[PDB]
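Some notes on the structure that comes next.
Only the coordinates and a few stated rules stand behind these numbers; no lab work does. As a convention, Cβ positions derive from the backbone with ideal geometry for all residues, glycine included, and neighbour counts pool all protein chains shown.
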Amino acid sequence: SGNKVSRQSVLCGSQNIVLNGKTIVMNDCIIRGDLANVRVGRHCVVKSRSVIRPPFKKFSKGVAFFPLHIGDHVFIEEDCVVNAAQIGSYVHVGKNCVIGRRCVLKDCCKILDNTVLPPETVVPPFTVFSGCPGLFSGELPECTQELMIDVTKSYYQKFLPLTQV
Amino acid sequence: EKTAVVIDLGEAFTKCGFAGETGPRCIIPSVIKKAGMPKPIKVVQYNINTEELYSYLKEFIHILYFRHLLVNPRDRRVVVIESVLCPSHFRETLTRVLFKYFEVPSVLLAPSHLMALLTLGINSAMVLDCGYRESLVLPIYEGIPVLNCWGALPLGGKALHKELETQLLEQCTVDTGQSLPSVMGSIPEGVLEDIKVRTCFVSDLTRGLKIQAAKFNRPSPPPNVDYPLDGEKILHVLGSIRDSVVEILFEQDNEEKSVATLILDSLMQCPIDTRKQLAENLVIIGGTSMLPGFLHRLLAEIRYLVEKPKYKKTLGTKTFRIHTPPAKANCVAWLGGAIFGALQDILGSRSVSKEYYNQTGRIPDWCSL
Amino acid sequence: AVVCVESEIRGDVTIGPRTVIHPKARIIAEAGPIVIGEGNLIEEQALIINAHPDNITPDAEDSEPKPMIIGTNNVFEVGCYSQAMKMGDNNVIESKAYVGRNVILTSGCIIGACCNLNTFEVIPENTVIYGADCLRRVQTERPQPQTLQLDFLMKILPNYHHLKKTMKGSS
Ligand SMILES: Nc1ncnc2c1ncn2[C@@H]1O[C@H](COP(=O)(O)OP(=O)(O)O)[C@@H](O)[C@H]1O
């Protein structure tokens, strides 16, 4: 629970939640993603006005799609509807982006802004996905990912004292 | 050993291939669209700088074989395929990239027409070259190109798109998304070309005569064949405009310009020991001209112009054939050069090395050796 | 139907059976009586509208007196709104679909992601649009209004059925 300890927002889905350290997010978002199992991640990041959900049912023998997996030094952005996302560490989402069904990415997922993923959007490690559908545009440097993520975490923690609520 | 590279000079597409590769590999549009690029950069950019184009070539080739097969071309040879009329400075700039930047083992220029002949491997043949911007009838008698029998109509695929945009810019018979008649100016070239390329069936000669009648002082142009649109604006108008393109494709109206015209020109430079041979050799090829049902309009115009009074003396009564292509769409020269480069380890000596290019840096065409 | 307490409705909306409205299902059916269908699932963050008022100002003889309707198996997902969509049999609306005003949604309607519906466009049957390619009439028969896309909709409706009983039990 090393996030922004302040009266910011509320949500639900306490199935397999986790309040880890160095991982924080902003307000205006809702968390309704307990449709399948969960996997949170410390040192991550996210912006305001977002939404996330898991893949499908997974209650009966017909299990769901790839619902969720998070990582370290990750950085989500605004308006990113993370629907059915199982990714790794040092991920990077963009503005107005969305995750597609059965998306099973890996570490350092540079999700482009205003991009979305299609059904069964399993991505590889140290990649850079983009497009209306799931499309790995390029790649990403892992060292620069962890370094810039920590630098951004400190810079955001600097201005984090704003809105004492 | 190993494979090789098979790349030709295409304004629209320059595929790559290996040695003796049976079946196509990968086609990509010749223009280079990069990051933060508002409009991609072409290839036919002459009298332009060399460093910027040089760079574009470097990274484009780089990612080209990367996304093709991620191979290391510093290990195998290259089969360069030509397309005449291009400035040799450009070609040598490509070579400059290749050797002075990438250092491949050896490269080798080659004619596309050769590979076209290799599709059948016969000695004498006509050349029904129909490229992307021009055409060419430069026969290969005895497996040897016929020099002065040349000519080109600068009215290929690109100009066809220009014709399309002209016609449709004149009339926007589509709706809004109510008709939006010539409201905006820019066009979706991809959509336009999708309509065009996805609907290229050639019509009857009689229909072309109807078009000619419509030029001055019309019998049922629909059922018109033209492919759906987008942008909330789709329509079903006369697809007969593409047949109008087929009519303007061959103009005799104080122009006397056609493919048969170049065949006649060749005939003018042809000696008696070439005439009947070419009458046999009715070679059926052409790159961009993948025109469905063109046999009708084509053959009809051939056997329509045979009747020209100034050419019966030249022709007589010559019949022709159909030298059908065993290859496909445009893979003809591609796969022709692929199998042509297969066991040409012998000709690997003829493939220009970077070794000699160090002390040389030049490949001579018809110059002083 | 699952008349959720969190499902914010507004106005006279004579709903139909099996219209399970999920939590935070903000809607409006006052200026137009929107009747629900049979076999849908109104998810979270939706936005059902009725008779676009004078902010846009229809200065074209405003004498509407017309109510909205719905159909069977037409479950609309989260993010997407509903700007008086005259739906039908199995017209699913996926995430973030910008619903248009006059779009008579027929059967086999797969409203893809971020696909702003076309105003005053008769949405015919058996047509699934592409995401980035707006108005893509792709899959004219694969996305068939009956037995193919509607069968897939009824198949997706099974998870909605299990979720309907589960949400009725969880509440
Ligand atoms: N059915 C068809 N009829 C006519 N042209 C076609 C048809 N199908 C494809 N084509 C065109 O043939 C062209 C091949 O062009 P090409 O000769 O490869 O250009 P370049 O030589 O510059 O690469 C393609 O651009 C395509 O638009």
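For every residue, the table says whether it meets (1) of a type in the set (A, V, I, L, M); (2) more than 14 Å from every other protein chain (Cβ to nearest Cβ).
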{"site": "C:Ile69", "(1), (2)": "yes, yes"}
{"site": "C:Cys115", "(1), (2)": "no, no"}
{"site": "C:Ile129", "(1), (2)": "yes, no"}
{"site": "C:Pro145", "(1), (2)": "no, yes"}
{"site": "C:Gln149", "(1), (2)": "no, yes"}
{"site": "C:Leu157", "(1), (2)": "yes, no"}
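Mind checking whether some residue in the stretch B:194-201 is among the acidic types (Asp, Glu) and closer than 27 Å to B:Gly293 by Cα?
Yes, there is a match, as at least one residue in the stretch B:194-201 is among the acidic types (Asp, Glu) and closer than 27 Å to B:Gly293 by Cα.
For the stretch B:319-364, which positions are within 30 Å of B:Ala279 (Cα to Cα) and loosely packed, with under 14 Cβ neighbours inside 10 Å?
B:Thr319, B:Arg321, B:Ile322, B:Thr324, B:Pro326, B:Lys328, B:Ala329
Among B:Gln344, B:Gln269, B:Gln277, which is out of contact with any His (no Cβ under 7 Å at 6 or more places or on another chain) and more than 15 Å from B:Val137 (Cα to Cα)?
Checking each option against the conditions leaves just B:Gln344.
Can you name the residue in the stretch B:153-172 that is more than 13 Å from the ligand (Cβ to nearest atom) and surrounded by 13 or more Cβ atoms within 10 Å (Cβ to Cβ) and, of all such residues, is farthest from the other protein chains (Cβ to nearest Cβ)?
Looking at residues that are more than 13 Å from the ligand (Cβ to nearest atom) and surrounded by 13 or more Cβ atoms within 10 Å (Cβ to Cβ), I get B:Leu153.
Take the stretch B:36-74 and flag every residue that is closer than 22 Å to B:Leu85 by Cβ and either assigned to a helix (DSSP H, G or I) or out of contact with any strand residue (DSSP E or B) (no Cβ under 9 Å at 6 or more places or on another chain) (or both).
B:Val44, B:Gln45, B:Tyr46, B:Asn47, B:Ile48, B:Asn49, B:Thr50, B:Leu53, B:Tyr54, B:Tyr56, B:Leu57, listed by residue number.
Consider B:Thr288 carefully, then state whether it is within 16 Å of the ligand (Cβ to nearest atom) and not basic (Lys, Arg).
yes
Across the stretch C:124-134, what is the number of residues that are within 15 Å of C:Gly108 (Cα to Cα) and either more than 19 Å from the chain's Cα centre (by Cα) or buried (at least 16 other Cβ atoms within 10 Å of the Cβ) (or both)?
Looking only at that region, the number is 6.
Taking only pairs six or more apart or across chains, which ones have beta-carbon atoms under 7 Å, a first residue in the stretch B:288-314 that is polar (S, T, N, Q), and a second residue that is not in a helix (DSSP H, G or I)?
As it stands, the answer is B:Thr288/B:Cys130; B:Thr288/B:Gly131; B:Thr288/B:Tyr132; B:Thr288/B:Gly156; B:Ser289/B:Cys130, since those pairs meet every condition given.
Can you go through B:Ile81, B:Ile122 and tell me which one is surrounded by 22 or more Cβ atoms within 10 Å (Cβ to Cβ) and within 30 Å of B:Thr324 (Cβ to Cβ)?
B:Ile81
Return yes or no: is B:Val6 under 21 Å from the mean Cα position of the chain (by Cα), away from every other protein chain (no Cβ under 14 Å), in a strand (DSSP E or B) and within 16 Å of the ligand (Cβ to nearest atom)?
Here the answer is yes, as B:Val6 does meet what is asked.
Could you say which residue among C:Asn102, C:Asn40 is of a type in the set (S, T, N, Q) and within 14 Å of another protein chain (Cβ to nearest Cβ)?
The unique qualifying residue is C:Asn102.
Going by what's in this entry, would B:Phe99 be described as outside any loop (DSSP other than H, G, I, E, B) and within 16 Å of the ligand (Cβ to nearest atom)?
no
The rows are residues; the columns are (1) within 14 Å of the ligand (Cβ to nearest atom); (2) within 14 Å of another protein chain (Cβ to nearest Cβ).
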| residue | (1), (2) |
| --- | --- |
| B:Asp194 | yes, yes |
| B:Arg207 | no, no |
| B:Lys215 | no, no |
| B:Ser220 | no, no |
| B:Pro223 | no, no |
| B:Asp230 | no, yes |
| B:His236 | no, yes |
| B:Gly239 | yes, no |
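Of the numbered conditions (1) closer than 30 Å to C:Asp133 by Cβ; (2) buried (at least 18 other Cβ atoms within 10 Å of the Cβ); (3) of a type outside the set (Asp, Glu), B:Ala260 satisfies every one except a single condition; which is it?
(1)
What is the residue count in the stretch A:31-50 for residues that are more than 17 Å from A:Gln15 (Cα to Cα) and either more than 13 Å from every other protein chain (Cβ to nearest Cβ) or part of a strand (DSSP E or B) (or both)?
Residues meeting the conditions: 7.
Looking only at the stretch B:9-35, which residues are away from the ligand (no atom under 12 Å from the Cβ), over 20 Å from B:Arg74 (Cβ atoms), touching a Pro at 6+ places or on another chain (Cβ under 9 Å) and not in a strand (DSSP E or B)?
Residues satisfying the conditions are B:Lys33, B:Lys34.
Based on this model, can you work out whether C:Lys168 counts as farther than 27 Å from C:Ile56 by Cα, assigned to a helix (DSSP H, G or I) and away from chain A (no Cβ under 14 Å)?
Against the criterion (farther than 27 Å from C:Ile56 by Cα, assigned to a helix (DSSP H, G or I) and away from chain A (no Cβ under 14 Å)), C:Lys168 qualifies.
Being surrounded by 14 or more Cβ atoms within 10 Å (Cβ to Cβ) and under 25 Å from the mean Cα position of the chain (by Cα) narrows it down to one of B:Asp230, B:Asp243, B:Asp204, so name that one.
None of the others qualify; the one that does is B:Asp243.
Filter the stretch A:1-60 for residues that are in contact with a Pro (Cβ under 9 Å, 6 or more places away or on another chain) and among the aromatic types (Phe, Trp, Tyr) and give the result.
Result: A:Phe56, single match.
Quick one: count up the residues across the stretch B:114-139 that are acidic (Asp, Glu) and either more than 16 Å from the ligand (Cβ to nearest atom) or closer than 17 Å to B:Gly336 by Cα (or both).
1
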